[PDB]
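Overview (structure and organization)
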Amino acid sequence: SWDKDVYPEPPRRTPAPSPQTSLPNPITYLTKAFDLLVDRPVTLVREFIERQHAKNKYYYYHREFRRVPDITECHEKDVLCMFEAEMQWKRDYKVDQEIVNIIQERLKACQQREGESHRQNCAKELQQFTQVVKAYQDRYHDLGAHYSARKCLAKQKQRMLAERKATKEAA
Amino acid sequence: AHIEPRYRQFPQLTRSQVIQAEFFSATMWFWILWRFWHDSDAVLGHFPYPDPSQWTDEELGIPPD
Amino acid sequence: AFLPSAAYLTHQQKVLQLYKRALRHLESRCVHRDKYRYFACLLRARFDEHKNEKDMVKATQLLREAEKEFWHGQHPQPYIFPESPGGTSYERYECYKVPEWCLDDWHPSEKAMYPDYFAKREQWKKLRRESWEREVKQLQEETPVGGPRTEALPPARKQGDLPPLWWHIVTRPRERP
Amino acid sequence: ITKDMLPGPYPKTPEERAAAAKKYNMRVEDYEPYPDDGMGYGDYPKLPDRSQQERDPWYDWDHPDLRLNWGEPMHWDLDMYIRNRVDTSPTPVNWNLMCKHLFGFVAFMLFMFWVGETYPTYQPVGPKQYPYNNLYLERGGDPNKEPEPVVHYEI
Amino acid sequence: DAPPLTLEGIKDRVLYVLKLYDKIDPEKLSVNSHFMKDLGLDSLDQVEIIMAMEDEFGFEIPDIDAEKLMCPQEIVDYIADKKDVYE
Amino acid sequence: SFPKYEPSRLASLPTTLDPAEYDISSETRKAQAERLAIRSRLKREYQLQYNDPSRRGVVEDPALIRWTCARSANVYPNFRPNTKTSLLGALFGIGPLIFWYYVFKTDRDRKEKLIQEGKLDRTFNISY
Amino acid sequence: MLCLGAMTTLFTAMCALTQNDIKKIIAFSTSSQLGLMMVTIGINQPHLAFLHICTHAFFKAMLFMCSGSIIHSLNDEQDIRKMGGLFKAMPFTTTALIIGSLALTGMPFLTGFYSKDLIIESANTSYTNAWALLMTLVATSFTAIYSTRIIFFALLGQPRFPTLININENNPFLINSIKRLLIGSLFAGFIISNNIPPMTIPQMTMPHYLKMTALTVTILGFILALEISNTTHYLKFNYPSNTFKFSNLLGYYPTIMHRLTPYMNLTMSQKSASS
Amino acid sequence: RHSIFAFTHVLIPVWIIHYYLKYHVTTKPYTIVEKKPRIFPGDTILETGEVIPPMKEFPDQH
Amino acid sequence: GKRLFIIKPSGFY
Amino acid sequence: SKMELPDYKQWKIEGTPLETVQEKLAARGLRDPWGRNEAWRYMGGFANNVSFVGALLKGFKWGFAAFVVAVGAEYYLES
Amino acid sequence: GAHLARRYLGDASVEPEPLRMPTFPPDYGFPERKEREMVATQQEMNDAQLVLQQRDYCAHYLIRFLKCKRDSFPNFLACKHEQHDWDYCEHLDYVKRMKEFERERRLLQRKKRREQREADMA
Amino acid sequence: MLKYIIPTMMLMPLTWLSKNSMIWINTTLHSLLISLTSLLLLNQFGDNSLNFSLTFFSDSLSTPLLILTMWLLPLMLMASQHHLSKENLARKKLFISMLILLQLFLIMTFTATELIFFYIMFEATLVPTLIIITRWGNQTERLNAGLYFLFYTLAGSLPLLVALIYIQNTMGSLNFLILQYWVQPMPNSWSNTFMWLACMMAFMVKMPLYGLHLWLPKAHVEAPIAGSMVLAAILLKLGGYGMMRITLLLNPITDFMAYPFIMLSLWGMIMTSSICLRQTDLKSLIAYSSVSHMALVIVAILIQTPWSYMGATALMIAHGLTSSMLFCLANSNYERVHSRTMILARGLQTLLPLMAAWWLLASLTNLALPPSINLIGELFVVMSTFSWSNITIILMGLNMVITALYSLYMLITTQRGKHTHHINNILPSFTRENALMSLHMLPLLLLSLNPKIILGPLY
Ligand SMILES: CCCCCCCCCCCCCCCCCC(=O)OC[C@H](COP(=O)([O-])OC[C@H](O)COP(=O)([O-])OC[C@H](COC(=O)CCCCCCCCCCCCCCCCC)OC(=O)CCCCCCCCCCCCCCCCC)OC(=O)CCCCCCCCCCCCCCCCC
Ligand SMILES: CCCCCCCCCCCCCCCCCC(=O)OC[C@H](COP(=O)(O)OCCN)OC(=O)CCCCCCCCCCCCCCCCC
Ligand SMILES: *C(=O)CCCCCCCCCCCCC
């Protein structure tokens, strides 16, 4: 399974079976037939495979990239440090892409899970999506196919000069 | 025995095709008249449609001025 | 205008072709058999009225404005026979009409599926290869100087010889392969 | 194939036209080349601009599906005029009358749809009446704020 | 579908159509009864005979081959060639 | 009386409406006979090669080879630069390039002006 | 969507009225029904349009299968002017073709009722393009016209097919294949429309002329086409009009635009592009 | 080998697809997302037991 | 009975 | 093998609409030669075909009878 | 379809226009007019996942009918009663909309008679 | 990269020291082993390019082109071993050596760290292709085919030589890895304008650009089969590879200098597709289709968005496989009818059903049928150009219409209809020909299952 914090779910609330009519539904018998024919032997094969997994347990790891100096504190035309800064920025750009993808998955899962009441009961996910898309658009949009941490720093400096002029024209 | 072709005349019929044809045409007319006997409001009308001219003025809030 | 045997349609041929096209487009206009048969004998009497017109110019004139009458009174979608050109089943089975020479390129493990058939195909091709040079020398002893005149082929005149240029007419594929 | 059976330059003398018409296997008087105006035809014949659907289909053609003979000169758009493509067959109705009828019918239908959009049909009712101030919290309204009250009464 | 044709069947049906045509009496008709010289028919009547053959056997005979069939044996042989009977 | 048929490029005249079909003049007889002689010569020359048992290959058609060599190889050696082809080549060769240049340039100037002034709805656009 | 669907269901059902090949007529039938589906999408009724897809499947597949059984029993005869006299000759095909035609026209309480009747009842009672609704009703009449055209020239009357009868339909593959769609075209409209959950609010309150409208214009189309059918047996030879040449030559749009537009993309591609 | 069709084409693919969806698809987040079931006044939540209270009494019309 | 030989290309290869 | 044909003599057009056609052709001095060929379509088991209103009402008798029986059945069942 | 011809082919000032109406106050002419009771609670029809076109003043019959249709599976005809209740309450809501239309039509007729009496008197 | 250069050079003693009947088998076997080994270049990273040495590197753009190049050599050996079966043994080994030497120049054209070594290899690839076309070509005009091949590819590449040395003197290096970090913005001036033209027109010839494309429907037509395969599969793609390396240095002058070339490619993809609708020559139809598909790659490089470069590299790999298969199909029918006229032999499904299935698959991949990587490249380039300007969707969709039209017209004309009566040498499909078709199509179909390896450096 996965982490329930990063992929949140509301508590499951199913209603109880309240039959009214005299006719038996086919779906209880189909569910019990599917159980006794499929849900038990698949589980037994998974138990055997799980025992074979437990006979030799071994581990893989998540790689940790420590934070090197970024492009703002690298010298101009110094490839040894700005190579490290560029690799750091490219890994951060790919992780930002995956953050935006996670928030998209939250939004779409909320829309289907809420069904018809999705316009009301998914305002939180829509707010989070609008925030992360506005951040990603201010951070990486229009950098082009030859994007770099220099291009992103130049875009950030132009946007910061625009915000500084917009603040200075309001005081 | 399969059907043998005839010449310039009415072809040989099986009993089975004629009784199935009459059976399904009778089932069609049964189903149409049966659902006309039960529902009768999907064809003709579900409720009476009121006439807006026949309505009074007091239920519509009309002060006579 | 465009024929295999001759180069032109005669006047009598154009009269008969207009008669046939007029009856077919009439039957397209006149779907039911009895009503067609009524108007078809009316149209047949309209043709047979000027059957004996001795002036060739007057006959050509009546044929020409009869073509005009027909072009005004034709059916927009005439009934085409299905295997006739323009029909619904025309050239439908041509994808099954594999030519005869493809049998020669079979592997011998599938030529052994039909021993009598290819044992007969060998003597058919034998008959063709001993008829070919004799029918070619038949063609060059009868063709006039300057080439042939019409596209009509001469028959075999002797005994023992086969008609010239016969292989792709005798060994053509069937209409239902 | 040899050099004097290939397409060559535009003939200007009658004997060059005769050698060209003998090359393309047709009569000299029926041999009409394209007009020499730089369109790149050379001495190539101008076949009378028909499709292959008009050809006599009961003839024993050399090429049946093309309705074409062996050695007969081909039109410059022979691949265009096949029966898998553009048909130039004669129609029962004239071309101009077909264009008039089709354009008039399409333009009249479009005009009448626009006029019916200008004069729509409806029913003798008011708008549909929705609770909770026209379903404000259901249409995605923000719950920190509060809209105007849309109050519906009996009638 | 589509039962096979024979020369006997085509011959029977062509003579059957030509015995239902009022301008031919049924005793003078034979397999080699030429329509113009023997039976006293017209060219137009022979055209209607070809059209009756077309309506009988469900295919068009072209006019260049319609205008050369002048006896019922040639009509039977032509339908035999166009339908490939005795396969 | 009857509507006369109007022959166009995409609907030619039928043979049953052509006035020059019914000419019994002897020049038409000689022309049809000479065309029949040429067609019969080519037909016999085809089916002599076509019915040959010794042939296993392609009956080559010089009209087809000549057609392809006309459609490909004989375009530049019989081109002459004159007024008609020059106005057609400038009218149709550089014409649409200039037209789409002005269209796409106007569209991109308008869109860049709307973006650098902050008006174009670009909220969720992060894939480009 | 409303204007385009109304234009489609007008033009195709009007072109269907004088075609002669039966498969062409059923193709114009299914294109007119798709135009009706486009109409009922355009009036914000998507679930009625999808219910009409699920309804239309049964009887239009059954009508093509009955036409195929007729074509196979007449040796690739696909033209309705060489048909007829097939009421007792092909009784199961006659039965299923009549049931499919009645489901197409909107017979009460067959499969086509539960979709098409509610489509017209929702197309009347909405803020709608009025000309689109009027052309929809004209198309509703035209469906009955070509349905009885198919029944008349295909089944009624006396034979017109050639003399060798090869009429045979007694194979359980053909019988069961038309039979299960026949059971579908009888019952599946009721079954599906009473199994589907309500997704819109249906307009069930409307005046009497506006409730009976689809049925009335359908029966009037039946009556007018019965007049058209009875005026065929007469011994009158009418010269063709321009309406007949419009509806018989496909509306002239598969004639001009299949000659004019393929002329330009094939000649400009050489005389202005290649050469 | 009498109902080998319903074994080999159904009951083995149901096993394969059920093992797949059960231990490789639903073990991944948001892959099979289900619309939550429809709660009415009068139901009972099978996870809690709280009976959803019924509606207000109707201003009866007939 | 009266079965007919069907000419088809070489399906061996 | 052999397919037998019915006799050619039986297709007389007396009793067909071809009789009416030959009467209206004899009204103007004409004689129809192609009646007996088309006589079989208007004779035998193809003669007297139904009209359209009877073609719709195929099975209406048995269907209405089963309708009455089943309505009486659900009328006697409910008590 | 007579009011269509009364708005299009006659005068348009007296017929109530469909797009922007009611143009009169709801208290104009009514002594002590009462609101419409909303029977279905907002969280109730939020939980039953009703379509936003179906969240009108008569959604409680639709909730009971959907609950019947779920609780009577597979018998898909056992809830004709609640379906008729929902359809008749939709009929009554359509009647209320017709009454709003006729109210606006008679008040525009009142405005026409008012301005004609004023144009005759003053 | 030396572990692929050295086996490619050992293919020369492998082909010159073989037995006279073993020279196709050995070269096919060991080139298949080198292509098996070529998948070890897939060690790519999301941040860093696989930087081997000072001379060679391989990012995610050059890697699918290297796998395609090392895979194309066994397919050319299979394709050419029938028409050269009556060739002299020494000339046969010389042909195989020209193919191997061309592979050797290509696989260090794509891995050239430094751009003048890219230029030297990029112009060294001409001379084996020159020898193949103008030695083992077919008809009379093969010498005019290579003459306009050698003139156009050198007259475009000549200002590129001065332009790269001008970058060398100004920046200090032509290492692509150094110029990733030392690139300066190129402003608006006339000197920088002709700088941009000198850096771009060479690859514009090699793509080809519309208007500069006239070498291609003669160089592909007059070539033998291995020459046409390598020309349509790799040698056109050298231009896209060089553009994707060189537009790093040409910013932001590209953003207003690319407009006339975007117009040329967006209109030439309509023009050359219309030209494909009226080709009598099948190999010419495949050639003009190659021009029409590379026009989209030119547009996607010149608008320089990430989706555009992903679609352009996907479209280059997909079109290489598809056009190589189509030329091999055209050769499979040319080996039977001895003419490239498309209208000559028709109805070939009635005689060759399995080869007609391969024709159908190659035609469906030609018209970008989803979920092929043909459609992935086509679709991503259409997405990026719609983002570039919304009006370009008309030209894109109209091109896709004409593309499906000429693809299925080629299918109908070559495979369907009535067959030709006077052609009787139509052999059954050999095992070699179907092996060639399957080794084209099966990698192309498998790349739809895992398309991320052919989506370039910015996937
Ligand atoms: C990594 C492991 C992967 C394992 C799975 C494999 C994945 C797919 C690989 C390719 C599979 C097909 C390859 C063979 C077909 C081509 C040749 C052919 O037709 O031979 C006929 C022949 C049988 O026919 P026949 O009767 O003898 O002769 C035919 C006649 O001549 C008359 O010929 P015909 O016209 O009747 O027949 C041609 C017909 C023609 O059919 C058509 O034209 C219709 C196809 C188009 C429409 C339908 C599909 C549309 C797309 C949707 C489906 C894909 C996505 C589905 C997912 C959900 C939705 C997203 O084609 C077919 O029948 C082939 C069916 C499969 C078609 C796949 C799509 C092709 C369309 C073009 C590209 C589309 C985009 C790419 C899709 C890629 C999918 C992976 O087939 C064989 O003998 C097959 C041999 C074994 C093939 C092995 C394939 C694997 C090779 C890879 C080796 C390495 C990995 C190990 C895997 C081992 C697996 C065993
Ligand atoms: C929601 C809004 C809806 C708006 C709808 C109205 C606007 C669009 C109007 C339609 C425009 C396209 C239609 C016109 C071209 C039709 C071409 C065609 O299919 O021709 C058919 C023709 C064969 O027809 P036929 O002769 O009947 O065949 C008898 C069988 N032997 O076949 C041939 O002759 C073969 C020719 C092959 C090559 C044809 C090349 C034509 C390519 C046309 C591309 C059009 C691109 C449009 C792009 C629009 C972008 C916005
Ligand atoms: C006034 O007539 C309002 C009703 C809706 C608009 C008119 C609809 C007319 C067509 C339907 C009725 C047809 C009766 C034969």
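Method of determination for the deposited model, per the PDB record: cryo-EM, at 2.8 Å resolution.

Details of the overall build of chain D
Scanning chain D for helices and strands turns up three helices and zero strands. Traced from its N-terminal end to its C-terminal end, chain D shows the element sequence α-α-α. In summary, chain D has a C-alpha radius of gyration of 35 Å against a globular reference of 15 Å for 155 residues, an excess of more than 25%. C-alpha extents for chain D along the principal axes are approximately 100 × 40 × 35 Å. The burial tally for chain D puts 48% of its 155 residues in the buried class. Taking all contacts inside chain D whose residues are at least 6 apart in sequence as the whole, residues at least 24 apart take part in 36%.

A short note on the interface of chain C and chain E
When the parts of a complex come together, some accessible area is lost, and that lost area is often used as the size of the interface. Contacts between chain C and chain E engage 23 residues on the former and 21 residues on the latter. Note on chain C versus chain E: buried area summed over both sides is about 2000 Å², and carbon and sulfur give 49% of it. On the chain C side of the interface with chain E, the three residues burying the most area are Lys20(C), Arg44(C) and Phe81(C), jointly 28% of the side's total. Our count for the chain C to chain E interface comes out at 10 salt bridges. Where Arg24(C) meets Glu54(E), a salt bridge forms, and the shortest distance between an N and an O atom there is 2.6 Å. Across the contact surface, chain C and chain E share 12 residue pairs in polar contact. Contributions of two or more residues to the side of chain C that touches chain E are made by helix 1 (11-29) and helix 2 (33-49) of chain C.

Here's the deal with the site of ligand 1
Residue and element names in this part refer to chain L. Near ligand 1 lie 16 residues; those nearest to it are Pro353, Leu354, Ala357, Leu360 and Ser372. Between ligand 1 and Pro353 there is a distance of 3.3 Å, counted from an oxygen atom to a backbone nitrogen or oxygen. Considered on its own, ligand 1 offers 1800 Å² of accessible surface; in the complex 36% of this is hidden by protein. Those elements that place two or more of their residues in the shell around ligand 1 are helix 17 (353-366) and helix 20 (431-446). The residue makeup of the shell around ligand 1, split by class, is 14 nonpolar, two polar and no charged.

Considering empty space enclosed by the protein
Approximately 160 Å³ is the volume found for the largest cavity. Looking at the largest cavity, the residues that line it are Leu23(C), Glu27(C), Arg33(C), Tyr36(C), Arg37(C), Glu48(E), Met51(E), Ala52(E), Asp55(E), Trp34(J), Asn37(J) and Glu38(J). Among the secondary structure elements, those contributing two or more residues to the lining of the largest cavity are helix 1 and helix 2 of chain C together with helix 2 (43-57) of chain E. The element best represented in the lining of the largest cavity is helix 2 of chain E, accounting for four residues. Counted by class, the lining of the largest cavity contains five nonpolar, one polar and six charged residues. Approximately 130 Å³ is the volume attributed to the second largest cavity. Around the second largest cavity, the lining is made up of 15 residues, and of these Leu282(L), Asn333(L), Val337(L), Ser339(L) and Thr341(L) lie nearest the centre. Going through the elements one at a time, helix 15 (282-303) and helix 16 (306-337) of chain L are the ones with two or more residues in the lining of the second largest cavity.

Thoughts on helix 2 of chain C
Turn by turn, an α-helix covers 3.6 residues, leaving residues three or four places apart pointing in a common direction. Under the 1.5 Å per step criterion, the end-to-end length of helix 2 of chain C is 24 Å for 17 residues, consistent within 8% with the ideal 24 Å. Counting buried positions along helix 2 of chain C yields 12 of 17 residues, so the element is predominantly enclosed. Among all positions in helix 2 of chain C, only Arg33(C), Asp34(C), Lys35(C), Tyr36(C), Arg37(C), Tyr38(C), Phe39(C), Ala40(C), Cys41(C), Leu42(C), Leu43(C) and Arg44(C) are buried. For helix 2 of chain C, the secondary structure elements touched by its buried residues are helix 1 of chain C, helix 2 of chain E together with helix 1 (17-26) of chain J.

Regarding the site of ligand 2
Around ligand 2, the neighbouring residues are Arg83(D), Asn84(D), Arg85(D), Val86(D), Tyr253(G), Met257(G), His258(G), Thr261(G), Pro262(G), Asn265(G), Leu266(G) and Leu405(L). The site occupied by ligand 2 is bordered by residues of chains D, G and L. Burial of ligand 2 by the surrounding chains reaches 44%, relative to a free accessible area of 1300 Å². For the shell around ligand 2, the leading source of residues is helix 12 (residues 261-274) of chain G, giving four residues. Among the residues making up the shell around ligand 2, the classes are represented as six nonpolar, four polar and two charged.

A word on the environment of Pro6(J)
By the element assignment, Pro6(J) lies in the segment before helix 1. The sequence separation of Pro6(J) and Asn37(J) amounts to 31 residues, and the corresponding C-alpha distance is 13 Å. With sequence-adjacent residues up to four places away left out, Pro6(J) is seen in contact with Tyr7(B) and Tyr16(E).

Remarks on the pattern of salt bridges
One pass over the full model with this rule turns up 91 salt bridges over all chains. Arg134(C) is the partner of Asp161(C) in a salt bridge, and the nearest nitrogen-oxygen pair spans 3.4 Å. Of this pair, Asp161(C) sits in the loop between helix 5 (115-139) and helix 6 (167-170) while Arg134(C) sits in helix 5; the two residues are 27 residues apart in sequence, bridging distant segments of the chain. The exposure class of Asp161(C) is partly exposed, given its relative accessible area of 21%. Taking the shortest distance from any N to any O, the salt bridge between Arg70(K) and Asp71(K) comes out at 3.6 Å. Residue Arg70(K) is classed as partly exposed on the basis of its relative accessible area of 29%. According to the relative accessible area criterion, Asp71(K) is buried, its value standing at 13%. Where salt bridges share partners, they join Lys20(C), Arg24(C), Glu27(C), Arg33(C), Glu54(E), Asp55(E), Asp63(E), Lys82(G), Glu38(J) and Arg41(J) into one cluster.

Topic: the interface of chain D and chain F
Counting from both sides, the interface comprises 49 residues of chain D and, opposite them, 41 residues of chain F. Carbon and sulfur atoms make up 56% of the surface buried where chain D meets chain F, a total of about 3800 Å² over both sides. Of all residues in chain D, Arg27(D), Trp70(D) and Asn94(D) bury the most surface against chain F, accounting for 21% of the area lost on that side. Between the two partners, chain D and chain F, sit five salt bridges. Across the pair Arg27(D) and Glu34(F) runs a salt bridge whose closest N-O atoms are separated by 2.8 Å. Run the count over chain D and chain F and you get 21 residue pairs in polar contact. Within the side of chain D that touches chain F, the residues separate by chemical class into 21 nonpolar, 14 polar and 14 charged.

Focus: the packing of aromatic side chains
This model, assessed by the stated rule, comprises 89 aromatic pairs over all chains. For the ring pair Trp37(B) and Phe67(J), a centre distance of 6.0 Å and an interplane angle of 80 degrees mean the geometry is edge-to-face. Taken together, the positions of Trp37(B) in helix 1 (residues 15-38) and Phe67(J) in helix 3 (residues 60-77) put the pair across two chains. Relative to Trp61(D), the ring of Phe2(C) has its centre 5.2 Å away and its plane inclined at 20 degrees; by these criteria the two rings are stacked. Taken together, the positions of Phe2(C) in the segment before helix 1 and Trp61(D) in the loop between helix 1 (14-23) and helix 2 (95-118) put the pair across two chains. A relative accessible area of 24% places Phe2(C) in the partly exposed class. Taken together through their ring pairs, the aromatic side chains of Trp31(B), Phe109(G), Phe113(G), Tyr114(G), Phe187(G), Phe190(G) and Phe76(K) make up a single cluster. A cation over a ring is seen here: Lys58(J) above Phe87(G), with NZ or CZ 4.7 Å from the ring centre.

Parameters and conventions
Residues numbered from 1 in each chain as written, not as in the entry; some residues may be left out. Chains lettered and ligands numbered in written order. Part of a larger assembly, values for the part shown. Heavy atoms only, no water. Helix = DSSP H or I, 4+ residues; strand = E, 2+ residues; numbered from the N terminus. Rg over C-alpha atoms; globule rule 2.2 N^0.38 Å. Buried < 20%, exposed > 50% of the residue type's maximum accessible area, 1.4 Å probe, protein only. Contact = heavy atoms within 4.5 Å. Buried area = accessible area lost by both parts, 1.4 Å probe. Salt bridge = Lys/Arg side-chain N within 4 Å of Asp/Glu carboxyl O. Polar contact = N/O pair within 3.5 Å; in protein donor to acceptor, adjacent residues only side chain to side chain. Near = heavy atom within 4 Å. Areas by Shrake-Rupley, 256 points an atom, 1.4 Å probe, with all protein chains shown as cover. Nonpolar A, V, L, I, M, F, W, Y, C, P; charged D, E, K, R; others polar. 1 Å grid on protein atoms, 1.4 Å probe; cavity = no way out; pocket = protein on both sides within 12 Å on 5 of 7 lines; lining within 4 Å. Points joined across faces, edges and corners; volume = space filled by probe spheres on them. Expected span 1.5 Å × (residues − 1). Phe/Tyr/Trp six-rings, centres within 6.5 Å; stacked < 30°, edge-to-face > 60°. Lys NZ or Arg CZ within 6 Å of the ring centre and 35° of its normal.

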